[PDB]
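Read-outs: derived from the displayed coordinates by stated rules, not from any lab. Neighbour counts run over all protein chains shown; Cβ positions are idealised from the backbone, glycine included.
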Amino acid sequence: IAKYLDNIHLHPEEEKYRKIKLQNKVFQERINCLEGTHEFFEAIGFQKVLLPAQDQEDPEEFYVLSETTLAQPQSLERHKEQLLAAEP
């Protein structure tokens, strides 16, 4: 999750880093298997949308960062640090 936020922060001019694919092997194994990760993405300014696939008829699930939060990367930087510094 911290890498997804750093990727859009490193290349904010490339829209391909605004959308996190929920069906990706890495996301599905590491993030989608946990409770509370979906709520975190929505809480820090991502919208849950269905986008057409580049090679399939069935739309896929993405977390897409809105312009409101993308315009102020400092909010995601604080949210990442709060998640990294947390304990059970």
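For this structure, a couple of remarks:
- Evaluation of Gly36 against the conditions (1) within 11 Å of the chain's Cα centre (by Cα); (2) surrounded by fewer than 10 Cβ atoms within 10 Å (Cβ to Cβ) shows that the sole unmet condition is (1).
- Whichever residue in region 62-76 is in a helix (DSSP H, G or I) and free of Cβ contacts under 8 Å to residues at least 40 places away in the same chain and, among such residues, is surrounded by the most Cβ atoms within 10 Å (Cβ to Cβ): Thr69
- Among the numbered conditions (1) touching a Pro at 6+ places or on another chain (Cβ under 6 Å); (2) closer than 17 Å to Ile1 by Cβ, the only one that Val64 does not meet is (1).
- Members of region 1-16 that are in contact with a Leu (Cβ under 8 Å, 6 or more places away or on another chain) and surrounded by 15 or more Cβ atoms within 10 Å (Cβ to Cβ): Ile1, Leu5, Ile8, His9
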